[PDB]
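>
In UniProt numbering, the protein residues as written are 2 to 74, 88 to 99, 114 to 316, 328 to 534.
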């Protein structure tokens, strides 16, 4: 309780904590860049085709542009002039033959598809990048939680920032596909640590009050990164340029070092004490206990107390359900506006009003009610999209978008309440352990969607709606985490 009085004497919001807030929100923006920017990596080429050695030789000796070459001849099989022994075919009597390799591309924009030749039979492994990135997210969460709890928050934050920067530079200059995949897996490993660590530190540094502003505003910065990603993607077209621009700000964030102290409350576990008091004194620019050391956290110790176990299980299931429901709704949406950049910009922009509603609502009504309402709205939208007369009304897309907004609002509220729920020691371990489960949902979603859609078109939507509708009990079983600051050690289970 003296720590609460310590923050009362100096803290809450000052100039220092505001500057730290903006500085870490920058890292949130960069993590948002990393999480989605693959959709602008390897955008599908307008035309792709394969040519034989004779066709390539004659094309080079005549020097025509790829556009007319594709026009006269994307297809995965090509005619062969070798069998024949300005049109090459007089009457297309030459048979067509499938090609194992040698295909080229026509569009001038640079994509990972052009460099790594991910088309035809290799078009399978374009989503392999998705799976590997999400698996890297999962494993990086799982291990970096323990890494950041064993050491301090700031050291692991800085190390993860350096790792993200260097692995991104390596990926930008990957010579072959296996190197690209391995180092992008590693980038996903390190990328998960930065976001979780920055969220936990910015939650710890502020007191019990105005913590909801902290969480919701950093989520708004994540959404801002999503919104602004089309800007850089459109302005600089080259793949290498886009990845370089995404990854270099990690070094600038690595420049922090002495700017941001790790956490007073992290060190108040009688690990250091004197360093904590020094940090508090350094905080107080404007104005002039003892317990058993948890030390290394244990995964089994993460689930040992019935209330602790209940919180862990409900949080994990909510994460997984949100992931699968969001994937289903996004697949249902398709394309809006006829443009990729415009669609992405609109999708990002419409995310903000939900965040504003959350920011204005959490204090008055708590946190359980808006979260339950968001999940219920998502489930009802899923069911309504499933059952309606053949989609003869323009309300399919509106209902799907409304459900997506509801599930994103739930995604934002859960990421905060997850942070408050866990103890101080287990905080960065328990958090990102559930994000591991949402990453697992992300990897498993396409297979489940295809399998269920094989049986019936609207079965996945029905299942997702039921999963979302379970929230009525799922989140009602939570303790509302209102005005109780952040629980210390095993005092999480008092409620």
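Ideal Cβ positions, reconstructed from N, Cα and C, are used throughout, including at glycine.
1. Does the structure place the segment 328–343 close enough to the segment 467–478 that three or more beta carbon pairs sit under 8 Å?
2. Cα separation between residue 523 and residue 531?
3. Residues in the same chain with beta-carbon distance under 7 Å from residue 288, minus the five sequence neighbours each way, listed in chain order, please.
4. Put residue 283 into one of helix, strand or coil per three-state DSSP.
5. Which residues share a DSSP beta bridge with residue 51?
6. At what residues does the beta strand (DSSP E) containing residue 124 begin and finish?
7. Within 10 angstroms of its Cβ, does residue 117 collect 16 or more other Cβ (buried), or is it exposed?
8. Pick helix, strand or coil for residue 238, following the three-state DSSP scheme.
9. Going by beta carbon distance, what residues of the same chain come within less than 6 Å of residue 405, once the five residues before and after it are set aside?
10. Going by the beta-carbon positions, is the gap between residue 359 and residue 442 smaller than 7 Å?
11. DSSP three-state label for residue 45, please.
12. Note down the Cα distance separating residue 13 from residue 397, rounded to an integer number of angstroms.
13. Can you tell me whether DSSP reads residue 490 as helix, strand or coil?
14. Below 7 Å between beta carbons: does that hold for residue 504 and residue 418?
15. Using the Cα positions of residue 238 and residue 224, report the straight-line distance between them to the nearest angstrom.
16. Identify which residue in 430, 395 and 74 has its Cα closest to the Cα of residue 247.
17. Residue 363 to residue 270, Cα distance in whole Å?
18. Per DSSP, which one or two residues make a beta bridge with residue 92?
19. Check residue 426 in the structure and name its three-state DSSP category.
20. Please look up how many angstroms separate the CB atoms of residue 354 and residue 460, rounded, as I've assumed it's under 8 Å.
21. Counting C-beta neighbours from all protein chains within 10 Å, is the total for residue 47 16 or more, i.e. buried, or is it exposed?
22. Report the CB separation of residue 261 from residue 41 in whole angstroms; it is logged as a contact under 8 Å.
23. How long is the line joining the alpha carbons of residue 484 and residue 369, rounded to whole angstroms?
24. Tell me the DSSP secondary structure of residue 301 in three-state form.
25. Between 264, 123, 228 and 277, which has its C-alpha nearest residue 197's C-alpha?
26. Could you check the C-alpha separation between residue 403 and residue 151 for me, to the nearest Å?
27. Which residues in the same chain have their Cβ closer than 7 Å to the Cβ of residue 222, if we skip the five residues on either side of it in sequence?
28. Using a Cβ-Cβ cutoff of less than 8 Å, which residues in the same chain neighbour residue 329 once the five nearest sequence positions on both sides are dropped?
29. On the premise that residue 50 lies in contact with residue 71, defined as a C-beta separation below 8 Å, what is that separation, rounded to the nearest angstrom?
30. Going by C-alpha to C-alpha distance, which of 35, 139 and 389 sits closest to residue 264?
31. Using the Cβ count rule (16 or more neighbours within 10 Å means buried), how would you classify residue 77?
32. Write down every uninterrupted run of the alpha helix (DSSP H) in the segment 406–476 whose length is 4 residues or greater and which is fully enclosed by it, in chain order.
33. If contact is defined by three or more beta carbon pairs under 8 Å, each pair taking one atom from either stretch, is the segment 411–431 in contact with the segment 442–455?
34. Take residue 512 as the anchor and find which of 490, 381, 411 and 501 has the nearest alpha-carbon.
35. Given a threshold of 16 other Cβ atoms within 10 Å of its Cβ, counted over all protein chains shown, does residue 515 qualify as buried or as exposed?
36. Give me the Cα-Cα distance between residue 314 and residue 227, rounded to the nearest whole angstrom.
In short, the structure shows the following:
1. yes
2. As a position in the chain shown, residue 523 is number 484, starting the count at 1. As a position in the chain shown, residue 531 is number 492, starting the count at 1. Each residue's Cα considered, the two are about 10 Å apart.
3. As a first step, residue 288 is located in the chain shown; it is residue number 260 there, counting from the start. For residue 288, where only same-chain residues beyond five positions count, the Cβ hits under 7 Å are 21, 24 and 182.
4. Looking up residue 283 in the chain shown gives position 255. Three-state DSSP puts residue 283 in coil, outside helix and strand.
5. Taking the first residue of the chain shown as position 1, residue 51 is located at position 50. Note: residue 51 sits in a beta bridge opposite 131.
6. For the purposes of this step, residue 124 is identified with residue 96 of the chain shown, where counting begins at 1. Residue 124 -> beta strand (DSSP E) spans 124–126.
7. Residue 117 sits at position 89 when you count from the first residue of the chain shown. Under this definition residue 117 is an exposed residue.
8. Looking up residue 238 in the chain shown gives position 210. Note: residue 238 maps to coil in three-state DSSP.
9. Reading the chain shown from its first residue, position 366 is the one you call residue 405. Around residue 405: 519 and 521.
10. Numbered from 1 along the chain shown, position 320 holds the residue referred to as residue 359. Numbered from 1 along the chain shown, position 403 holds the residue referred to as residue 442. Contact flag unset, no.
11. On the chain shown, residue 45 is found 44 positions in, with the first residue counted as 1. Residue 45: coil per DSSP, three-state reduction.
12. Here residue 13 is taken as the residue at index 12 of the chain shown, counted from 1. Here residue 397 is taken as the residue at index 358 of the chain shown, counted from 1. C-alpha separation (whole angstroms): 21 Å.
13. Mapped onto the chain shown, residue 490 falls at position 451. Residue state, collapsed to three classes: helix.
14. In the chain shown, the residue the question calls residue 504 occupies position 465. In the chain shown, the residue the question calls residue 418 occupies position 379. Cβ atoms of residue 504 and residue 418: closer than 7 Å.
15. Position 210 of the chain shown, counted from the first residue, corresponds to residue 238. Position 196 of the chain shown, counted from the first residue, corresponds to residue 224. Straight-line Cα distance between these residues: approximately 19 Å.
16. Reading the chain shown from its first residue, position 219 is the one you call residue 247. Selected option, being the one with the closest Cα: 395.
17. Within the chain shown, the letter at position 324 stands for residue 363. Within the chain shown, the letter at position 242 stands for residue 270. Taking the straight line from one Cα to the other gives about 29 Å.
18. Here residue 92 corresponds to residue number 78 of the chain shown, with the count starting at 1. DSSP lists 125 as partners of residue 92.
19. As a working note, residue 426 is residue 387 in the chain shown. Here residue 426 sits in coil by DSSP.
20. Mapped onto the chain shown, residue 354 falls at position 315. Mapped onto the chain shown, residue 460 falls at position 421. The Cβ separation is near 7 Å, so the contact holds.
21. Numbered from its first residue, the chain shown carries residue 47 at position 46. The residue is exposed, with fewer than 16 neighbouring Cβ atoms inside 10 Å.
22. Here residue 261 corresponds to residue number 233 of the chain shown, with the count starting at 1. Here residue 41 corresponds to residue number 40 of the chain shown, with the count starting at 1. The Cβ separation is near 4 Å, so the contact holds.
23. Position 445 of the chain shown, counted from the first residue, corresponds to residue 484. Position 330 of the chain shown, counted from the first residue, corresponds to residue 369. Roughly 11 Å between the two C-alpha positions.
24. For the purposes of this step, residue 301 is taken as the residue at position 273 of the chain shown. If DSSP states are grouped into helix, strand and coil, residue 301 belongs with coil.
25. Counting from 1 along the chain shown, the entry for residue 197 is found at position 169. Minimum Cα distance to residue 197 is reached at 277.
26. One-based indexing of the chain shown puts residue 403 at position 364. One-based indexing of the chain shown puts residue 151 at position 123. Computed Cα separation, rounded: 50 Å.
27. Here residue 222 corresponds to residue number 194 of the chain shown, with the count starting at 1. Once the five neighbours on either side are set aside, the close Cβ partners of residue 222 are 28, 32, 185, 188, 189 and 192.
28. Residue mapping note: residue 329 aligns to position 290 of the chain shown, counting from 1. The residues are 298.
29. Within the chain shown, residue 71 is the residue found at index 70, counting from 1. Within the chain shown, residue 50 is the residue found at index 49, counting from 1. That pair is a contact at about 6 Å.
30. The residue labelled residue 264 in the question sits at position 236 within the chain shown. For the residues 35, 139 and 389, the minimum Cα distance to residue 264 belongs to 139.
31. Since the numbering of the chain jumps from 74 to 88, residue 77 cannot be located in this structure.
32. 407–425, 434–460 and 466–469
33. yes
34. Taking the first residue of the chain shown as position 1, residue 512 is located at position 473. Measuring from the Cα of residue 512, the nearest candidate turns out to be 411.
35. Numbered from its first residue, the chain shown carries residue 515 at position 476. Flag for residue 515 reads exposed.
36. As a position in the chain shown, residue 314 is number 286, starting the count at 1. As a position in the chain shown, residue 227 is number 199, starting the count at 1. Each residue's Cα considered, the two are about 25 Å apart.
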